[PDB]
RNA sequence: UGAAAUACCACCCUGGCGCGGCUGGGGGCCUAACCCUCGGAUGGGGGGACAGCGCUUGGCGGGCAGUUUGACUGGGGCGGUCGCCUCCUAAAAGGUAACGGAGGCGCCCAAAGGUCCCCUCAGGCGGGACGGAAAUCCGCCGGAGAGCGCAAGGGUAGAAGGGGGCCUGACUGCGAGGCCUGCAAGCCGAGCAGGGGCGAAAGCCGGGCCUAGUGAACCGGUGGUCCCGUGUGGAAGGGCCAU
RNA sequence: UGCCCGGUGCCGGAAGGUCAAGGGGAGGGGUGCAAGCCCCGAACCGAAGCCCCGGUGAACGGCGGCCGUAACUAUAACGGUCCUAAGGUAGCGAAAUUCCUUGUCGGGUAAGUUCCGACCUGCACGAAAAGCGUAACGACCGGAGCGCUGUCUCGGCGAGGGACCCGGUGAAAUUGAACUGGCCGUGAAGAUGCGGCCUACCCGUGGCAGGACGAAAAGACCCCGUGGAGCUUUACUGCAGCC
RNA sequence: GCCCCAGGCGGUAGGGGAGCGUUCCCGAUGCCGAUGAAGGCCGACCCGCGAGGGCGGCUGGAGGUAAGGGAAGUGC
RNA sequence: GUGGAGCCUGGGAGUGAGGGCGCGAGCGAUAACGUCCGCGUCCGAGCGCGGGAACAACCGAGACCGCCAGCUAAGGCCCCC
RNA sequence: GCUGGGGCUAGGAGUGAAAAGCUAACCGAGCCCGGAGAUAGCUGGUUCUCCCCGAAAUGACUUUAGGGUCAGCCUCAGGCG
RNA sequence: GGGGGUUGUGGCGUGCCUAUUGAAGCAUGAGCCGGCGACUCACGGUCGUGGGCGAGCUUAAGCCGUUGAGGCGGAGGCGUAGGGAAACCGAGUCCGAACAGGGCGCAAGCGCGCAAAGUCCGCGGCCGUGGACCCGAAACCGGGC
RNA sequence: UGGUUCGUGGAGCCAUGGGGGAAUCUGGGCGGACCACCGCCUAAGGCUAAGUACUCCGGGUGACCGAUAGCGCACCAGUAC
RNA sequence: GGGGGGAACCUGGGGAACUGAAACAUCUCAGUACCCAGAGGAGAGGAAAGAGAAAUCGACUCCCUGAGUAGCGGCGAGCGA
Ligand SMILES: [Zn+2]
């Protein structure tokens, strides 16, 4: 943890529910991460946008 | 007590609705019963008789639960397990829901 | 004076049929960005306390 | 007089848990080790932390293969 | 004609102006109230809704009150330590004390993760423009003494090391079984199902070579949930999930 | 009665920042068919207080460090540098303060860790918690001298009141029981009580106080108690009080 | 199968079991008691492992109280 | 291997100041009737008994009782004895 | 200045030429009653007999270290064997 | 009349209590005697147990009676089904998509009795609230003197 | 602000210190924030036995005490002191 | 008509702390101790602007139950309808 390595959620781009929580070094990755995670709600893998935790 | 440390009861988490003022909400209670106990009766059985039977406690609405050997009886309960309707209607008994 | 049930225990534990003592697994109220899905998952379920502690707790819930 | 020293981490309780010629059900930890002092082998799995454990049921069979490191085997019943 | 066409006629806005009202703030004056003082008091005088006295706002407030001000400890104090990792202590199982002997951690990586494919180091010697002790190159000798993000250790090239391809399993619901353990915690995990990644497949993938990088519960926040919703429907509010 | 207003306190300040209640109501929400009702509520206005600007020492208080340097040496009038708000002035100074320290020197003494006068290298004086001096004063504390002394060398006698003996009355503290010796050892580490020795006829009276870890007082010194009490404050909270 | 067989029997904290005794309730409108209760003193006598109990002698002069249970202000 | 052995389930505990001795270590000074650990023992609780003169833990040995019986342990057999 | 008489000021209060003194013989907060049988993780004490068994002084955690909760070790009842 | 009293000698022999690792201890207490003197009660819970009844058990307040006589009183409590936060479902329920997998559950005996779930009561152990084994403070607060 | 289980909580209800500040039934209050609906009741005046508490006191009764108990006190005790 | 007294027993105004939370401030102790006022043999309360879910009841008081339940609570201790 750090002020440079922040926490974050991963909303599903479609169900809009934050299904995952992880972290990043915002220094290294100044972009909102986006990763195909299994949306349990949508019940299928789906791109998840990095949402501010 | 645990010699001053945080007691094991307290290191555990609160779980569920604990209610708030003005407190609990009166809703109908279903003292579920089993056919195997109803076998001691004959023909029709009512909630009141079950109350006299020491089975249906007062202030409770009687549901039936699919336990024991059904009996070709006309029971009048506030509700039934689906298994209760299965045994009862299947065993010739008459599942008679009342209100 | 009749005993008084320990309401702090009432809000944490349920006593099963077999006299067992049950309460939720601890450690998932917060700080979870790094915990494993295994971790949150298995911590997400109830469990039966240890024997003696459960016994004491049973003493705390007399009218249960 | 002060001291820099005086601290020590907790005992980890490593080592072999079941020995050769010892019946085990699947899923039992065989060796709680750091690195691979024993390598997984016949019907023997190894988690992320090098922990060896029974894949299938049966009997434990330690076997040293010289240069090829110490292996464990779960010979089925 | 412009992106709109014209007079005139309305809804009106545009800012200003001033008329009034309802205002608020400051001034200045006055006098009954309210406050003195007048031996006279249904009257003088003076000040003047600026005081005093209520309620609440905030603030200053050891004047006063209630209290806290840790433990270990070769007496106490002073100093030091308090939690977790590594090694010895530790007596070939584990565990094992000392204010014993050494160091660390309170993170980091979107790749430093997964998977497929490819390669193998350090070091030494000789040759080689800058150029060296040590750049990059070549050959020769090397099992690992290198490296493996960071402490130590264990492990390791028949890779966990370096590079590339794609990918996000740094999964959901779970979980046989176990280790460890007073408890609680902690740890390993087959396997199953959903749906995927890489791969021809076999297979592996539930983060990281591992062991530190962290904190119970309570209180509360945020999103989902649609579970409860106090006569009814809503709602307030909670519960549960994630956090 | 020197300097420092840098921090604290106080005094003064209409600029400005902040700032509660209150006002205000952009907007937002629940509910209702609607009317409506209810609730949140931003902007902005809005007090002291605070920050901010000043002054303030007979207000709180504070008043440096290093380096070099002159006709032998020494030292440093002198210069350099860094820092501070400022660098301690007069005056005094081994002091009711000097740690080193019984400092040095001089006096006093045969001999003076004390006294007195200087020295200043003041660990750590110092100017209204006043500095320095000071006549008179002191059941104040120092040092010295003279006189006189039973203080003493070093003691002696005597007198009276007790103590001693007799007749009368007649306690008290304390007390495990006692048939209670020394030494050498042992023993919870200091023995009448244990062991080996030795010594000792029973009981008294007047005395001394070595012991009986004698008596007295559940050690006040020390520690502990999540004991109290008193006090302090820029510990926490609150209150009086005050704005 | 009340007796024999084998084994056991140091003991604090402590756990358990088994008894004794004191006051009081039932037994009890009973029974003992002036030919002497309780109580006191004494015993070398008897019972018991013991807590204790009898019995006896003297004092005492008027209450005591069983078996078998119960309840405690119960044992210094 | 039948033992005041073992396991499980319940009730009640006390204990959570230990100490000495031996051995293996740390600290200490290769000092301490020192401290701190591990293994073991004894005392604690066995200051019951014999020896070691005396002496809790050194040697012998686990005290149900009685006996004017016998055999041994350590230790002794010149007197005390 | 001292003293007599007559009075006033009292408890977190009075008074105090100030010592924290005095305030009815013990004043860093009077005395009496009451709360109250305050609390005391501390000290002491805890009363008849016989029998069986028989500890610990360790670990973990502790505003904890002389106290505690769990486990260790005791006993008891039942079951298993 | 075989015993009883005294002890001269010889042997052996470190008061008691507490507190302690350790006391004859020169650690604590006690001058001695006599009397008082400390683990209880209530109400809850839990375990065991003696009995009653038993998928039932069982009453409280009160009422009626005697005036030492009990009976009535079913209000109420416990038990008979658990799981779930809960709605809710139900020998299933919960998580979950799952009928997966798991968690908590459900299966009682013997030969109509034997029993027995449970439950009432007595007894006892222990615990909780009560002052909770007894004595002991320093202290705090109220009202007064 | 107090009472209510209600410790500011979603805080209703009763009460009322402030400041505002109604109407008379189509008026009002309440069913736990609040809105609509559905229902209950009629505030701001007063009184009211009973059934209940206690024992100064009289009486009856005790698995109550028996003069160190029982009341502090059996007696010339709230006394002597 | 009042005054004042009356053991306890009642409201009405005021209203502690010790203690528990193993510290302690919220809290608990407790609206208790105590003070004051008032009564009376009782007091209070008492005839719904109530209860609260049934279209249900029907002043008040007290006993048992509800129920240690709903709840309140540094969601602790506890308190608790
Ligand atoms: Zn989605």
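Where a number appears in this text, it was derived from the coordinates with a stated rule and is not lab data. FYI the Cβ positions are ideal-geometry reconstructions off the backbone, even for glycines, and counts take in every protein chain you see.
Just how far, in whole angstrom, is segment B:16-66 from segment A:1-46 if you go by their alpha carbon centroids? If we compute the Cα centre of each part, the gap is 50 Å. Ordering of D:12-24, B:63-75 by packing is B:63-75, D:12-24, highest average first (other Cβ atoms within 10 Å, averaged per residue). Placing a label point 7 Å from the Cα of residue D:14 along the Cα-to-Cβ direction, the residues of segment D:24-55 whose backbone N falls under 14 Å from that point are D:31-39, D:49-52. Between D:11, D:54, D:26, the Gaussian network model of chain D with springs among Cα atoms under 10 angstrom shows the greatest mean-square fluctuation at D:11.
The packing ranking of peptides A:20-31, B:87-98, highest mean first, is B:87-98, A:20-31, where packing means the average number of other beta carbon atoms within 10 angstrom of each residue.
Beyond 15 Å, what share of the Cα-Cα pairs of chain C remains, rounded to the nearest whole percent? So the portion of pairs separated by more than 15 Å is 56 percent.
Averaged over the residues of B:2-12, the number of partner chain Cβ atoms lying within 10 Å of the residue Cβ comes to 4. Assign one of three labels to chain B, namely rounded, prolate or oblate, based on the Cα gyration tensor with a ≥ b ≥ c the square roots of its eigenvalues; rounded applies when a/c is under 1.5, prolate when it is not and a/b is larger than b/c, and oblate otherwise. Judged from the Cα gyration tensor, chain B comes out prolate (a/c at least 1.5, a/b above b/c). Each peptide in A:40-53, A:5-18, C:27-40 receives the mean, over its residues, of other Cβ atoms within 10 Å, and ordering these scores from highest gives A:5-18, A:40-53, C:27-40.
What shape does the protein assembly as shown have by the C-alpha gyration tensor, where a ≥ b ≥ c are the square roots of the eigenvalues, rounded means a/c under 1.5, and otherwise prolate means a/b greater than b/c and oblate the rest? In terms of gyration-tensor shape, prolate. Note on the protein assembly as shown: antiparallel DSSP beta bridges, both residues inside, total approximately 80 percent of the bridges counted. Only helices enter the 222 nm calculation for chain B: every DSSP H run of n ≥ 4 contributes -39,500 (n - 2.57), and dividing by all residues gives -5000 deg cm²/dmol, rounded to 500. Per-residue mean of foreign Cβ neighbours for C:21-33 is 3 (Cβ atoms of other chains, 10 Å radius).
Note on chain C: helix-only mean residue ellipticity at 222 nm, from DSSP H runs of 4+ residues weighted -39500 (n - 2.57) and normalised by residue number, equals -8000 deg cm²/dmol. How much of the pair distance distribution for chain D lies past 17 Å, counting alpha-carbon pairs only, in percent? Of all Cα-Cα distances in chain D, 46 percent exceed 17 Å.
Our compactness index for chain A, the C-alpha radius of gyration over the empirical 2.2 N^0.38 Å, is 1.13.
Multiplying the residue separation of residue B:37 and residue B:7 by 0.36 nm and removing their Cα-Cα distance gives an extension gain of 6.4 nm.
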